[PDB]
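Student: please find the sequence and an experimentally derived structure below.
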Amino acid sequence: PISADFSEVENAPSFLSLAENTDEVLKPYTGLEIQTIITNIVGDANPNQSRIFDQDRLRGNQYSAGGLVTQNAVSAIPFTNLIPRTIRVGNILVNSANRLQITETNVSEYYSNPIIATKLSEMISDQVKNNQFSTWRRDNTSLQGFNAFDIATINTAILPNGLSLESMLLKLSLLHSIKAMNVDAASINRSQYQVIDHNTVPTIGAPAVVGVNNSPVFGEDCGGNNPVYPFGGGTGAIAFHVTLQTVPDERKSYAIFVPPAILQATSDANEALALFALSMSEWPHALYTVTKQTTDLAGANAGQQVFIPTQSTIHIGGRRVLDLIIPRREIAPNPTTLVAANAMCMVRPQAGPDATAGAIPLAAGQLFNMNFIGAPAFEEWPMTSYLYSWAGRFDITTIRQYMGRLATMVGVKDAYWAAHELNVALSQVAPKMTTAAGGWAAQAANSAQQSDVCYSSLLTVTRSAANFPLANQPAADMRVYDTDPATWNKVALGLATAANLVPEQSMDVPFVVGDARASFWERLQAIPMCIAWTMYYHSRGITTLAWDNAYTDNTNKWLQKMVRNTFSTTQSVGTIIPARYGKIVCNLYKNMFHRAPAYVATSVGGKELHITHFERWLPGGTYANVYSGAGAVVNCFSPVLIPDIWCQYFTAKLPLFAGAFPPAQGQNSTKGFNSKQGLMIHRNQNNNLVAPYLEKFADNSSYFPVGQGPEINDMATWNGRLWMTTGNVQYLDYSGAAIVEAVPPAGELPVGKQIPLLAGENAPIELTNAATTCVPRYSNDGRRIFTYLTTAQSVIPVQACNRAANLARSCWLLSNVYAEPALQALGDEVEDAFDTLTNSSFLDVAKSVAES
Amino acid sequence: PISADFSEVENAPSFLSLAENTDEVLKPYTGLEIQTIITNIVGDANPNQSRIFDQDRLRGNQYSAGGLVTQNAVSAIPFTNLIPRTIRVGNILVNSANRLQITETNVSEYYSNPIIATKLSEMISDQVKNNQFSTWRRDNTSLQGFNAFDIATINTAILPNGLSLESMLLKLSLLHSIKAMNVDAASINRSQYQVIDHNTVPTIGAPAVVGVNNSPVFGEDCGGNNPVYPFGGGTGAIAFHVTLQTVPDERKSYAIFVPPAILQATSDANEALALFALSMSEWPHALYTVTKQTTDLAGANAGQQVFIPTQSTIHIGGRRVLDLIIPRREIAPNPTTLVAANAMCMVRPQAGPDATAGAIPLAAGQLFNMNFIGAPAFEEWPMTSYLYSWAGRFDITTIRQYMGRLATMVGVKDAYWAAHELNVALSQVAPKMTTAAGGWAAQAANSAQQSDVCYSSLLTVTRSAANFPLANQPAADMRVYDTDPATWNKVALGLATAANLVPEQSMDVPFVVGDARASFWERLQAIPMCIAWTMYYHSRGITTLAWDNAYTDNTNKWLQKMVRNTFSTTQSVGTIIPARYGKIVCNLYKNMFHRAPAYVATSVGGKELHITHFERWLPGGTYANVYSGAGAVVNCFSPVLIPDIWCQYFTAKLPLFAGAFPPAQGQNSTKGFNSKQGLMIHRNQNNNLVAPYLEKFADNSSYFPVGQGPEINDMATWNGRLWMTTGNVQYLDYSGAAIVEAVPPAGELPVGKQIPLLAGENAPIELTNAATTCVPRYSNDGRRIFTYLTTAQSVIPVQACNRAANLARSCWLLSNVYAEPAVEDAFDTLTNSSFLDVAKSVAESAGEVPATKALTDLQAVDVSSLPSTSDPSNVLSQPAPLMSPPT
Amino acid sequence: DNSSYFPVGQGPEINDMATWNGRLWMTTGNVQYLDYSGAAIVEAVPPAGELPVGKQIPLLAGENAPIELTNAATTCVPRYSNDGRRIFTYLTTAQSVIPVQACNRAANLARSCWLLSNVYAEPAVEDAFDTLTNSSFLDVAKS
């Protein structure tokens, strides 16, 4: 919440109070309620437009430190999934000079929730014991359409593990988010097309067109008509079978059974089949491309423009080749000829509408020639091309059918929400901030700095180093669980069940999937996630250089344990052990929002535990920094991506050091903290250097002792923001000598990204769009960092900490915050009669919110 | 501790009191025990802030026997790991004339903790037995993506030895010791560069540069950019694999699976692969080189001076060729084509940022082409060059992170601390002492005597006799345990466990790893080791020549047993046994320092015995002696290497014979022991020779009887020191005849090394910096040794033994303090509970999974036929499990 | 540790032990009188290692002049600079080691002294005529 008065910031909660464990169960924080914070907003100059195309932005009145009012000023929504591949320069589209962003992932295995045998399997193994399965005929089959000898031989496997469904559903949701862009232009907000390329204006007239392997530069086409996997190159393989007898040896151990339930999932069984195949093979198989018409800022130069979705570049799985066992619609013995095998199947597999080339070309609608026990030759198709054919026909409504069918077969609720959380955490992305004295700034067009971007986690994303197909040394980001084929087959055929395998109604499928607003909701869910990480990296003053080197090159023990404990570690079996300090970040999320992140089961030796996306990042990354104008790297600050107003206006609660400044010219305007609470000033007047009231030193006044770092103290961080928000702060050390870290040109602070204005809107003024909360305290060398002013510049702010003066800072006039007159002729305290008439009806709302 | 009055020396503990074995548990000697005394630092502090560059001396006021007081007197720290490779002569840097020091190790399998199969392997065997009812080839689950047939072969025929992990951890700690040097000069002592070359002065302004294969002299660049082994002179081979089936049949029995618990980082994973490859091949793979800017004593001349670290010279024989099996990215059929193999790697191996020449040249960053089924040509690389390319990139903080990931699979705390103890025992080294009257001496620059050196055990280090690579091999100096690849494979995957292999709740390593302060501490841990070994040798009177020939001597029989039980050459029931008398030195260390040395276990029939580094030396080396001012050897003394102020100022308890001479205090100064202690003066036929009060048996032996030697007496040793400490002694026979052993020029005693002074310092005076406790008693040919004075020179010392008179001696002006053996972050307080339960669960994590036998049973055709039902797992008996018992 | 300038309304406290160590530092022949940061203070300082000493007078036969620091003020340990800075006494690290261990009572410092003992006296006449007249004096004095 933003503060109307300084009493509101004195009464704010401590960081430690919010990092404390909360025991109660909480609701998920959907974008369907995050949506309403952007709409339904104070301000009279606002033309409250209905279309979601225009609800893309944070609008509001503002108030200057000089006492002036500014109407309908603007702040952009920081995240996006699109990556530009054509860039406007000189009012025209021009081919991009920068390489594509890439993401990578490691598999894990799932011993949690071990399976339980059904009565069916137990009676079958019983029959194996009393007989030798000798009772059965050559042609006996179940109603499902598989013969008994196969079910019997599958039954004989014994499995330690549970079943997961995670990687599966994740691939389905990534594809969902890519297909969700195909709706009409009114249904997607235009700010998403200009977070990176800020010289470009999308047209509302036509929908974006989703294609594949159409990219202009850097080998992005992936060989075009002959499709090769973007990572590593090469084609896969896919084959179809009526029995597992026909699958070749050394592949018999890896075969998947396709239940008839997958085949009756949708109106076209081939589409459901290809969807299952894509769901259980390696991702990506190809690079999808979003094309959208755009025009010049003057409107002069319209044309089509290409974008590459962030979901398209994440790397998951490794199963290049696969075999699928298909139901037989008739009760028959295993086929000996080709025509018998063709007639035998429940529905014969077919190529999709879009034809492809290659050594094994596929004509559109081409029918597969089924395998049989006679083997003049084994028969097979290239897999990337088989998926290139069906790539255009996948659609969010059909995916909604498919999810309903899966929900009926096994519960998909919890698992899909968790997979959706991972989709948000991996695909949503924001550009690195540039520094300024004023309200708005951005990096040069088609510059390398324009395209640097980061996660909600504030880890910078990896960039490709060479033309596709890639032959890179991998640099993975996070671990994910994998879906096991044998454990799959035991469940697909009624041979086993688990505690998390309970069947559900189709009605219970989460509402995001198949909805056309989903893209928008995606962006929204990125905002709270950052806030939590932002509060973790700011409570301690560690600089970005110190975060870049703690894991790889620094002799201080405390940074080493610090970077080490923020991330997860492996168990002897190879299972995840969750990140130790990650549990803190989760707590923050639940105290600032009163909503919960998705939980996932995990085990250590046969002991239950949970895991969230907060606890599953890998150590060894590089961190967010900011750029000076002209693009020089600066890294004195603790890492930052998004402006304070975002952190301040969405939280139900924030820690004291992060509160908003009250408006200028009132009684109880911005102030500071002094000795009485417990602080002490450092002075250096021999060199014109004065620093705020700070924490009492503990033998760590100039160098921190090895094995210790700066303490959490909200009030000193606050005073440091006060010294910073004054015009010319200077970042030096205890003696007043220069620190090793690169520093901003004097007076500059990092600020939010510029976007083109709508008519009637204004650029934000002053530090209204600045990030202020990231005050440095700990350098890579281990020395303390000090914010200094000169002895003259420092005289009023000292009196304000001392509470014998007020300070003046800019604000947003939102949510009960009003402007302050220059006089301040106070009267007797007086409740207004309208506030007494409406007091109860007002409290009822708060109580109703407290219930929720 | 330093005596203040004669009452304190007279009441000091007897030697037999301190060599008794003790029962209490004790904390490790971390080396901060000395740091509190010889330095400013009181609490944890930045090494750069502290300038420990200047914290490298014993300092203090000294009192002279003539009654003057010298202020700011100094004594150097004896040990170092750096061997100068260019030397200053005539104020000008010049090349070394002396060949390099070398060490050799013995490496063998021995019994450790008993081992047992985990629950998970019982699961795998149940899977095979349940499969046997079918026609289907999929026998068991394929763990962590490795081929299921490979899990089937790894999960078979376990060895009863247990597993050690010692050689691995040694190689890692040697490398950590070498890269530790690379930090800035403000955190390394000046003295470390001038223990041997006392004429050079290192500059504080630049960090030392560590490199590989650079040395100017004697062929010590082992191939240079075309590397070869320093000892073998060959080159290795290294090959990477996805499955065991592609490994050539000649060496499938030697292969090592690489666990994926390491390689989990976003970065530095290929480097982790190179490092893991280094920890299981032969050492050294190259000669490392430390290069430091230095200047002349006046600070005029300046240059880059070359040094060889000792850690890079000590040989640990291992495999030369090797085959590693990389984790698969997803369960899948084995690759039949190259692209399928390259796409499938979890971490794809590559060369480090440093090009090499020769056959199979390696470009920086070069990627490896994976081996696969049906491949036209097998691929591999030379290993010495692969380890060469990464060699310049390794550093301390990465080794710490690696070792921390390694910590979560297996116990590595105690094992690492023991291997670190062995590091310090083989690496810290001191130059031999010079005899003199005064407080300081040194041998001529660039001479054989300048560079002759010794272990903390008082044994000289052998030199090379020819240019590198060495055509031949030295006798082994010490024996270490080896690490078997088979049982490593079983344990890395979770198939087996033992009490020493259990992961520890700290989930963390010893404090020494990852610190820039490590070199200083390692330098300080060698001191206690020498204090205990010198007490061992000086309790008895044997001379260096007599030790030097003791093993084979047939003049006397006791001398042979004495030499023979100080080394490790006994075994029983298939396993190594500790030296019988090394336990005495171990006992002495505990009673004197109130700390416990690190130890490994050995199982003897299942009983556990501890073994410290004291008990594992091997016979064959030469004992330390001292040189004359001219460089002639002196044999007459007991072995010695350090001045006795180091011994007597850093102990909690000290044997009586070794204490300091007490300070003058009015009338009373120094005092002796007489016939009222049970002693007797010795006289011979010659009337102008007198020897002190000595044990009564001394009157009835001139040759010791065969099967007997000189006894422990502390008081007689005391009077022996009082006689020697006069400036005019004779080292002679019962009859006054000359002994066979070489004796020093008259009145001289060995003294500690000279180093250049800082402004305000003074050199040590008189006998304030000398060994004194080395009193000879056993001649090489079996004669007793006596110390004689003339009659007139005899009168005051005898009355002083009678306590009628007083002797005048120098002392340090120092007090006694011996410290007690002794951080939560706010985040740690936030998370302490969850850490406390999860750490408890990891201790039992083993090969455990939540699925029980009771669940898996329901999935079986026949429970009674399950091998888990008919063979529940047991810990293996030792040396062997029972086979074919008589029904 | 938490002041380089004293806070307004506050100055250095009585501590006798800290003043003692201040004297032990000064009494070495090579001290630096400096700032928290090691910078020079505004006040004039003596040529290095010197301390104020008592006045010279001519000797009588058999007398000797006082030696070393046996005739000097030592107790004058500066702490409050004119411009509000604290004053510190600094040694170099190598010069620092023996004095620090002496504060720890592991080592010993060498100083001159007088060879003198302690005696402090208690705070302390009738004539025959006075005894003759004592009574009359006692009453008349009262009157």
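Tutor: All right, it came through fine. Residues are numbered from 1 along each chain as shown, chains lettered A, B, ... in the order given.
Student: need the contact partners of the helix or strand containing residue A:589.
Tutor: Using DSSP states H and E, residue A:589 sits in helix A:582-592. Residues outside helix A:582-592 that contact it (CB atoms under 8 Å, 6 or more residues apart in numbering or on different chains) are A:13, A:17-22, A:26, A:528-529, A:531-533, A:535-536, A:566-568, A:595-597, A:612, A:614-615, A:651-654, B:827, B:830-831, B:834. Yep, even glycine has a C-beta here, placed from its N, CA and C like the rest.
Student: buried subset of these as a ChimeraX selection?
Tutor: The ChimeraX selection below is limited to those of the contacts of helix A:582-592 classed as buried (16 or more other CB atoms under 10 Å in any protein chain shown):
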select /A:18,19,528,529,531,532,533,535,536,566,567,568,595,596,597,612,614,615,651,654 /B:827,830,831
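Student: inside helices: which ones of the contacts of helix A:582-592?
Tutor: A:17-18, A:528-529, A:531-533, A:535-536, B:827, B:830-831, B:834 (DSSP state H).
Student: residue contacts, residue A:41?
Tutor: By CB under 8 Å, 6+ apart, residue A:41 lies in contact with A:59, A:60, A:814.
Student: before we move on, what about residue A:709?
Tutor: With CB under 8 Å, 6+ apart, residue A:709 has these contacts: A:540, A:542, A:558, A:559, A:562, A:778, B:825.
Student: switch to 6 Å and redo it
Tutor: Applying CB atoms under 6 Å, 6 or more residues apart in numbering or on different chains to residue A:709 gives the contacts A:558, A:778.
Student: who in chain A is up against chain C?
Tutor: For chain A, the residues in contact with chain C (CB under 6 Å from any CB of the partner chain) are A:680, A:683, A:696, A:697, A:735.
Student: ok, residue A:245 - contacts?
Tutor: Counting by CB under 6 Å, 6+ apart, residue A:245 has no contacts.
Student: equivalent analysis for the one 4 residues further on, please.
Tutor: For residue A:249, the contact set (CB under 6 Å, 6+ apart) is empty.
Student: show the backbone phi and psi for it.
Tutor: Torsion angles at residue A:249 (phi, psi; degrees, to the nearest 10) stand at phi -60, psi 150.
Student: in this structure residue A:169 contacts residue A:416, no?
Tutor: Yes - judged on CB atoms under 6 Å, residue A:169 makes contact with residue A:416 at a distance of 5.2 Å.
Student: show me what contacts residue A:525?
Tutor: Residues counted as contacts of residue A:525 (CB under 6 Å, 6+ apart) are A:31, A:424.
Student: which residue, other than its chain neighbours, is closest to the residue in the stretch 301-450 of chain A positioned nearest to chain B?
Tutor: Nearest residue of the stretch 301-450 of chain A to chain B, counting by CB to the nearest CB: residue A:318, 3.0 Å away. Once flanking residues are discounted, residue A:318 sits nearest to residue B:330: 3.0 Å by CB to CB, 6 or more residues apart in numbering or on different chains.
Student: still on that earlier bit, give me the angle between the helix holding residue A:589 and helix A:557-565.
Tutor: For helix A:582-592 against helix A:557-565, the angle by axes from the mean of the first three to the mean of the last three CA atoms, to 10 degrees is 70 degrees.
Student: next, the angle from helix A:582-592 to helix A:518-538.
Tutor: 110 degrees.
Student: chain center to helix A:582-592: distance?
Tutor: From the chain centre to the centre of helix A:582-592 is a distance of 17 Å (CA atoms, centre = their mean, to the nearest Å).
Student: now stretch A:814-825
Tutor: Centre-to-centre, stretch A:814-825 and its host chain are 39 Å apart (CA atoms, centre = their mean).
Student: kindly report the same for stretch A:63-83.
Tutor: Put simply, stretch A:63-83 sits 23 Å off its chain's centre (CA atoms, centre = their mean).
Student: how about residues contacting it?
Tutor: For stretch A:63-83, the surrounding residues in contact (CB under 6 Å, 6+ apart) are A:45, A:57-59, A:61-62, A:191-192, A:195, A:307-310, A:427-428, A:430, A:523, A:526, A:642, A:663-665, A:753, A:755, A:761-762, A:764-765, A:769, A:808-811, A:813, A:819.
Student: before we move on, back to that, list just the nearest of the contacts of residue A:41 to chain C.
Tutor: For the contacts of residue A:41, the closest approach to chain C (CB to the nearest CB) belongs to residue A:814, at 40.5 Å.
Student: that closest one against residue A:43, yeah?
Tutor: No - taking contacts as CB under 6 Å, residue A:814 lies outside contact range of residue A:43: 7.5 Å.
Student: now the common contact residues for the two.
Tutor: Common contacts of residue A:814 and residue A:43 (CB under 6 Å, 6+ apart): residue A:60.
Student: which residues are contacting stretch A:312-328?
Tutor: With contacts defined as CB under 6 Å, 6+ apart, stretch A:312-328 is touched by A:102-105, A:145, A:231, A:236-242, A:244, A:247, A:251, A:255-258, A:260, A:281-284, A:287-288, A:344-346, A:426, B:329-330.
Student: wait, I meant stretch A:752-765
Tutor: With CB under 6 Å, 6+ apart as the contact definition, stretch A:752-765 has outside contacts at A:62, A:70, A:72-74, A:76, A:194, A:198, A:297, A:439-440, A:442, A:643, A:769.
Student: pull the most distant pair out of those.
Tutor: With CB to CB as the measure, no two of the contacts of stretch A:752-765 lie farther apart than A:62 and A:297, at 24.0 Å.
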